[PDB]
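Letters A, B, ... mirror the listed sequences (proteins, then strands); counts begin at 1.
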Amino acid sequence: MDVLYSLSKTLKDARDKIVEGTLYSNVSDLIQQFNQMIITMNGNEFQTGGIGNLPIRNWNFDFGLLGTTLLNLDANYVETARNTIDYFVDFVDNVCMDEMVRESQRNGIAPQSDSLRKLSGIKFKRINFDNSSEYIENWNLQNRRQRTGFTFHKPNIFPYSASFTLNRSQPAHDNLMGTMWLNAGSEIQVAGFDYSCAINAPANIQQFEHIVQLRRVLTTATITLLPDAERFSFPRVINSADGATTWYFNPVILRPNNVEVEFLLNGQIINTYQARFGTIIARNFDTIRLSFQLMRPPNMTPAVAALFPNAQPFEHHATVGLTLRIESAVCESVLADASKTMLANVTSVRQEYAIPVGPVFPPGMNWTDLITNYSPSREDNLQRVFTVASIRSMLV
Amino acid sequence: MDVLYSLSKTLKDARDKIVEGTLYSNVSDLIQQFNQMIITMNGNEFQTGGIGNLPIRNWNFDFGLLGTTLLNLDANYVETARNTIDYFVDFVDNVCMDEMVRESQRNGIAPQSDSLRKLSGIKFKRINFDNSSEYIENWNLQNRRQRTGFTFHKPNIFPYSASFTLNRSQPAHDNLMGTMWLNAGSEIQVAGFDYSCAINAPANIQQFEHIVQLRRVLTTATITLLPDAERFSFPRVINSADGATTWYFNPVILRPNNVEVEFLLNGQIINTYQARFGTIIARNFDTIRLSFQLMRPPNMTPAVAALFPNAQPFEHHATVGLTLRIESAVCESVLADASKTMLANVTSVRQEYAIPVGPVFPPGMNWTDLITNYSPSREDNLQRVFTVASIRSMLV
Amino acid sequence: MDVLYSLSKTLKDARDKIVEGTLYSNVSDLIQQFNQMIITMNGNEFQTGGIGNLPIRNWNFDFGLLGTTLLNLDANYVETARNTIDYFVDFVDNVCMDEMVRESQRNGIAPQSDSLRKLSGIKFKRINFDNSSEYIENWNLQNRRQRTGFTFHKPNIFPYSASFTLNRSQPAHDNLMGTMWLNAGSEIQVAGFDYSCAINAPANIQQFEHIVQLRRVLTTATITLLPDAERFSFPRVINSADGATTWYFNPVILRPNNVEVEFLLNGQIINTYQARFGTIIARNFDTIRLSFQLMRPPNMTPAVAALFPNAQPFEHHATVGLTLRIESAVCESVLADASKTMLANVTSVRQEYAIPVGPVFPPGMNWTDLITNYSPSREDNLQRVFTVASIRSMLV
Amino acid sequence: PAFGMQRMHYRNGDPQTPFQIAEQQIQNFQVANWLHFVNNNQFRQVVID
Ligand SMILES: [Cl-]
Ligand SMILES: [Zn+2]
Ligand SMILES: [Zn+2]
Ligand SMILES: [Zn+2]
Ligand SMILES: [Zn+2]
């Protein structure tokens with residue numbers, strides 16, 4: 001991985017810096033690194049594989065060194081370098097694609113493609129130089145069992161789940177007490193609905209709880225917490241848990257009461273926010289506990305009193321909602337997020353070459369299924385393919 | 001462009017690295033590059049401005065080299081370098097502003113301002129060195145007829161459009177079947193509404209389709225697809241298609257049925273997602289087809305059964321929805337997006353200096369009009385001004 | 001700050017570049033910078049303080065220089081460098097933490113920790129080298145009183161505020177005219193509601209105006225403006241302004257009329273957008289004025305005409321909306337945003353070590369309180385702690 | 001001559017020594033490594049007693 005990354009970084013530097021007219025002193029160190037890469041790679045045969053529809057390709061390296069005598073690079077120098085660079089970049093893209101489409105159960109972190117295994121040999125270790133990208137930096141730290149940090153804008157941490165729980169229910173589904181929630185990528189939209197508006201609740205208060213267990217620990221998380229859930233504030237016709245019938249939801253939104261957000265790590269409370277809305281910071285947690293209350297308003301104007309009778313039928317169902325949005329977080333594990341392209345690139349390569357389902361990832365590289373069962377082997381394989389995809393995106 | 005970027009990159013490196021106390025070995029190559037810039041620019045007269053309210057400014061370059069030998073940089077060295085850097089940064093800022101305010105229908109990629117046309121001469125090619133930014137790198141890759149790629153967080157690919165189509169309608173607008181949609185930026189909310197709730201539809205199913213054609217192909221696109229459309233789920237008094245009258249919309253949201261998102265390229269299906277929600281990957285597409293069905297619940301509870309009578313009047317209108325958000329994609333062409341400021345920089349420069357509307361862009365650089373008619377000439381001019389704005393951002 | 005930043009930058013370069021097999025020419029300049037840092041730090045005693053629960057830590061530097069003898073770095077070289085780097089990273093992280101948890105009312109930009117005060121002595125200026133980070137660049141520009149620039153994706157410029165104003169009201173809350181708004185982070189959602197649907201308005205027009213004062217000037221701002229306000233478009237039961245009773249809101253959403261968005265600087269009009277939706281650019285402003293109108297539809301279909309009677313009672317309250325999202329902007333002051341982790345890091349460090357509330361920041365590092373009262377002293381302290389947080393995040 | 005390289009055209013007054021240029025130019029590892037050692041073999045200044 002370090003060698004493949006070093007090849008890609010050398011090629012990117014060569015593409016960006018070996019330009020017409022530039023001072024040779026601008027590229028001297030880069031030219032030394034490039035020539036060392038050429039010397040190391042010359043004479044080696046590589047095969048990029050035939051898994052799926054990805055074609056078998058053979059790579060042969062017999063390239064001249066880049067010159068050193070010029071003071072300013074000219075057209076001839078640039079064209080020679082560009083030919084060598086194009087061949088090498090094609091090779092690196094093919095190697096990255098071959099690695100991205102492969103998975104293993106035991107050593108998923110270890111290289112899987114023939115070319116990358118050959119590059120792991122000692123003779124290529126001299127190619128290795130500056131490992132400054134976040135993904136390769138985390139790769140090196142992971143190899144050494146050191147604390148890793150991946151920064152994510154809007155991490156895709158919650159698997160998709162649009163579910164509801166009913167605590168009070170009847171076959172006619174007309175006096176219902178329960179909770180609705182959408183756990184989207186970085187979004188938790190939850191809402192507790194009481195149809196009687198807590199008319200008979202002790203103290204005229206109905207308690208709602210929602211626990212989301214993150215599959216990985218998040219740190220230094222920026223969270224926007226808003227006091228309403230716009231997803232559960234309009235009338236709906238909703239399937240029953242068994243799907244045998246549909247019930248009606250006609251929410252009217254009340255201000256959530258005793259809003260408590262607890263961010264927990266291994267069951268211990270790390271952060272607690274009572275009646276706080278807007279930006280909050282959850283420094284280290286793997287669990288979110290959102291507790292809120294529907295309080296029947298003790299004083300009601302005539303319209304509000306009309307909405308909430310003292311007994312059935314109940315037509316206007318009192319709903320209290322919270323919205324939680326993780327804008328930024330840090331995870332020790334690779335995750336999909338709204339800003340990067342690693343998952344999309346791995347999926348695109350797997351789809352374009354018809355890679356059959358393997359023994360590690362879910363079919364189609366579906367993120368919900370993957371993150372629901374984000375096992376250590378899946379984490380190893382996913383970090384490998386994400387690092388390879390990041391190395392590939394440097395050139396392609 | 002490469003020369004202007006090299007000037008700006010040299011100035012930015014000089015600002016960041018030529019600092020009091022630093023080892024001369026930290027800056028030696030940079031000092032040589034800076035001196036080469038000085039040599040190449042010496043004896044040349046430049047003129048910027050003279051369009052709109054952008055003032056005419058003349059630039060004459062007669063600066064000495066930095067030849068002082070030191071182990072560590074001192075204050076004298078820094079102050080000399082700072083004087084030269086300040087003049088050069090002002091010049092580069094003015095050249096960038098001059099190029100950003102200009103357009104041409106023919107050869108809109110080619111330089112438009114006189115200073116940048118002069119800087120395209122062969123004698124200035126010596127200034128050129130490391131071209132590492134995404135925009136200049138894409139510029140060079142395109143000039144080489146190589147496949148370029150701009151990565152976008154939330155690409156502004158959909159021109160603003162809040163429209164509806166009525167497939168069944170009448171002057172009373174009380175028995176309406178059709179669709180309403182908002183396509184804005186990277187978001188598409190669509191909602192198919194049937195007022196009769198598919199009472200008389202064949203098999204009790206009403207099929208809705210929505211085709212959105214992207215003005216440019218997107219690749220490696222991460223999409224969040226959510227079942228409901230919160231924008232079309234509250235009561236709404238909408239205008240008539242001709243504007244003569246107004247009609248009423250009283251949604252009750254049913255879950256969309258047989259949801260099929262097809263990502264198409266040249267009319268062929270590249271990606272298909274059936275009943276899949278959350279994060280999906282569209283690898284390469286120029287069109288999106290959303291097909292969703294309103295299925296009348298076969299089994300209803302009395303509260304539900306009361307909302308959907310057999311015949312008119314229809315008070316509760318059955319609405320199914322979909323939300324599609326492109327979180328990140330890659331486009332070969334330049335686009336506005338949520339994270340970058342190139343469009344905002346160009347618009348700000350044009351507005352601040354009262355640049356008259358030209359023959360390429362819409363007035364005020366309105367993004368909706370620009371992206372609705374994103375012609376090849378418009379694309380060339382936009383890439384030019386965006387590269388210039390990225391070069392300007394490095395210094396200003 | 002520049003010295004502490006240079007230390008962290010040297011350590012990061014050493015971690016990324018001192019790797020097995022790498023050419024010595026890849027690292028020669030880095031080795032010289034690192035050895036200069038070792039020489040400068042040798043013989044100096046530091047204490048990182050015991051404020052709150054941060055342990056008092058003593059630091060002694062008696063390290064040997066890194067070797068220059070190898071043509072390619074081997075494993076022994078990497079291990080020796082790793083040991084020295086680990087000690088230095090521990091020191092820099094502790095210094096950054098000790099600086100982040102301190103604040104001053106008199107000179108909050110100046111260093112507060114004793115170690116950062118010692119590192120400001122002239123003897124350490126030799127350490128100083130490339131200052132290329134956005135935050136250190138802004139720090140140096142600010143020290144020279146130059147135009148600073150911080151680029152923010154979704155800047156958290158609006159303090160959280162969910163409020164309403166009733167221009168017309170009565171104790172029964174059934175003929176209400178006014179506005180309700182949520183200002184949160186980078187988003188504004190405003191909604192003007194008239195219960196009589198402007199039946200008795202001077203021209204059947206009800207004017208609504210919302211003025212939002214930004215605590216700091218924003219520039220080069222990309223802003224999405226959308227007609228509806230989904231947050232204020234569902235039935236609600238709302239506390240009265242004095243909390244004595246609760247009123248009922250039953251919105252029906254009409255298209256806002258004569259939508260005029262003004263971006264003002266010093267009360268002067270800078271940007272004006274009339275009936276424009278989608279992406280707009282505000283080049284330089286500190287106030288937003290949103291003027292919209294509930295215009296009674298001159299023509300109504302029977303259902304629409306039935307929603308809005310000529311006199312009380314009113315069951316369907318005519319609401320117009322506006323949504324305004326700041327996707328990207330530039331500010332001369334530091335701000336929390338949806339991408340950067342500075343605020344979260346500072347808050348996490350303050351909570352982890354139970355830092356007692358000080359005389360500058362709100363007593364949780366809570367962002368609503370901070371941005372509401374963004375005083376110059378608060379801005380100075382926040383710029384200091386955010387710069388230190390960025391320096392820390394280079395290593396931790 | 002051992003490696004068949006063209007005779008070094010060395011300029012008097014060059015910032016680099018001939019061994020430094022040769023180290024940058026020699027592809028054999030043992031020779032290049034000995035050259036690098038020579039190029040960087042220095043006295044260590046140490047205060048003792
Ligand atoms: Cl976002
Ligand atoms: Zn974002
Ligand atoms: Zn049920
Ligand atoms: Zn119509
Ligand atoms: Zn009131």
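Between A:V237 and B:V304 the shortest heavy-atom distance is CG1-CG1, 3.6 Å. Closest approach of B:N299 and A:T246 over heavy atoms only: O-OG1, 2.7 Å. When every heavy atom of B:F129 is checked against every heavy atom of A:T22, the shortest pair comes out as CB-OG1, 3.1 Å. When all heavy atoms of A:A172 and B:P302 are compared, the pair lying nearest together is O-CD, 4.2 Å. In plain terms, the two heavy atoms of B:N271 and A:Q351 that are nearest each other are ND2-OE1, 3.1 Å. Residue B:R276 comes nearest to A:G364 through the heavy atom pair NH2-O, 4.4 Å, listed as atom of the first residue, atom of the second, then distance.
The structure places CD of B:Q33 at 6.0 Å from CG of A:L23, a figure rounded to the nearest 0.5 Å. In this structure, the separation between CG on B:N35 and OG on A:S25 is 10.0 Å, given to the nearest 0.5 Å. Residue B:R126 holds its CZ atom at 10.5 Å from CG of A:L73, rounded to the nearest 0.5 Å. Between A:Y248 atom OH and B:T301 atom OG1 the span is 10.5 Å, to the nearest 0.5 Å.
More than 12 heavy atoms of other residues, nucleotides or ligands shown are found within 6.0 angstrom of CZ on B:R236. Other residues, nucleotides and ligands contribute at most 12 non-hydrogen atoms within 6.0 Å of the CD atom of B:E315. Within 6.0 Å of CZ on A:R325 lie no more than 12 heavy atoms contributed by other residues, nucleotides or ligands.
When each of A:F158, A:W247, A:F249 is checked for heavy-atom pairs under 4.5 Å with chain B, A:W247 comes out on top. Considering only heavy-atom pairs separated by less than 4.5 Å from chain B, the leading option among A:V19, A:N183, A:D16, A:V349 is A:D16. Listed options A:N156, A:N250, A:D174 were ranked by heavy-atom pairs under 4.5 angstrom with chain B; first place goes to A:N156. Between chain B and the options A:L30, A:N72, A:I238, A:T347, the largest number of non-hydrogen pairs under 4.5 Å is found for A:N72. Contact tally against chain A (heavy-atom pairs below 4.5 Å) for B:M300, B:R255, B:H316, B:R283: the top residue is B:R283.
Both the backbone and the side chain of A:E352 come within less than 4.5 Å of a heavy atom in chain B. Both the backbone and the side chain of A:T245 come within less than 4.5 Å of a heavy atom in chain B. Within the 4.5 angstrom heavy-atom criterion, no atom of B:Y5 approaches chain A. Within the 4.5 angstrom heavy-atom criterion, only side-chain atoms of A:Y160, from C-beta onward, approach chain B. Residue contact with chain B, scored on non-hydrogen atoms closer than 4.5 Å, involves the side chain of A:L182 exclusively. Heavy atoms of A:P159 lying under 4.5 Å from chain B are absent altogether. Looking at A:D29, the atoms closer than 4.5 Å to chain B (heavy atoms on both sides) all sit in the side chain, from C-beta outward.
Taking non-hydrogen atoms and a 4.5 Å limit, the residue list of residues 225-234 of chain B in contact with chain A, ordered by number, reads B:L226, B:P227, B:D228, B:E230, B:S233. Below 4.5 Å, heavy atoms of chain B meet heavy atoms from A:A338, A:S339, A:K340, A:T341, A:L343, A:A344, A:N345, all part of residues 335-346 of chain A. Proximity to chain B at a heavy-atom threshold of 4.5 Å picks out A:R82, A:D86 from residues 77-88 of chain A, in numerical order. At a heavy-atom separation below 4.5 angstrom, chain A is approached by B:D130, B:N131, B:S132, B:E137, B:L141 within residues 130-143 of chain B.
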Requested in this report: Could you go through the side chain to side chain contact (heavy atoms under 4.5 Å, CB included) check for B:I281 and A:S348 one step at a time?
Outcome: CA-CA 7 Å; B:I281 303 304; A:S348 296; 3.8 Å; yes
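A donor-acceptor contact closer than 3.5 angstrom is absent between the side chains of B:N128 and A:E20.
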